[PDB]
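Shown next as structure tokens: one chain only, the form solved without the RNA.
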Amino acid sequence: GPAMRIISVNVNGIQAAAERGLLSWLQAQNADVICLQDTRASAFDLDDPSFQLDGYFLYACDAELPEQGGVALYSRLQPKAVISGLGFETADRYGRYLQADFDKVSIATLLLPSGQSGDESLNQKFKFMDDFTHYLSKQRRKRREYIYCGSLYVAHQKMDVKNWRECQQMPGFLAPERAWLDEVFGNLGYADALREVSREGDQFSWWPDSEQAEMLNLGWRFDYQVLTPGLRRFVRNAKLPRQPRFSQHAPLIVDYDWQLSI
């Protein structure tokens, strides 16, 4: 019966990640759609034939200054349409959004700023958040379903971070950041794909770049597949494997009881 697999990875530079084996690992995962974030590549850079995956169409969107963003989406089916951007600057100037439309459902790749390099960067992250809330408050009135493969740089609940008491003071688990996700998953009615099938802790998707973070698992769950409520009962499995990886982020692999078509 019906099945679809969607894999989402923040690659922290698609060339750096590819040099680490990302593409041959993806080729083998049996994904219907792959969503990448933070490619750091220009449209011309992504024209390099070694980024193509056999059996997949590849779409991308680049940041004005390519290193500041970029996202991409591979699909086995040729989507009905692909659109980029969200209609606000902290997305559109940074290639932080791209969407593929299928029958009844669109699947997107979404990237936020991390807000980790000072107050200016955190201002930019809060503004993106607020503008994205506004977009979702309108979009939830549409009839089609959406799967937002999102690299959010925000962990929602205590179980989504290791040592929540120290994290509370750092970008990623600030009170207004947790509040934003409470709004997304609460009043706005969206679903957290992994949380529809698992309430266990110790499932993280990002680690600072240090051997001590790696040995002690000082991880944060920053990567999600955020769902329209019509898809919430279709989730089958979700996994954030610690290995292999290609960046500071783990891949998020989610299977759904849904037969993708165009």
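Don't overthink the numbering: it's just position in the shown sequence, from 1.
One more form of this protein should be noted, the form solved in complex with the RNA, which is absent from this view; the next part is about it.
Contact between residue 185 and the RNA in the deposited bound form is not found at the 4.5 Å heavy atom cutoff. The closest non-hydrogen atom of residue 126 lies beyond 4.5 Å of the RNA in the deposited bound form. Although the partner is absent here, residue 92 is not a contact residue: none of its heavy atoms lies within 4.5 angstroms of the RNA in the deposited bound form. Within 4.5 Å of some heavy atom of the RNA in the deposited bound form lies at least one heavy atom of residue 200. This chain is displayed alone, yet in the deposited bound form one of 122, 170, 159, 136 has a heavy atom within 4.5 Å of the RNA; that residue is 159.
Stretch-level contact analysis of 147-155, 161-169, 108-116, 70-78 against the RNA in the deposited bound form, using heavy atoms and a 4.5 Å limit, identifies 161-169. In the deposited bound form, the residues of 134-156 lying within 4.5 Å of the RNA by at least one heavy atom are, in order, 138, 141, 142, 143, 144.
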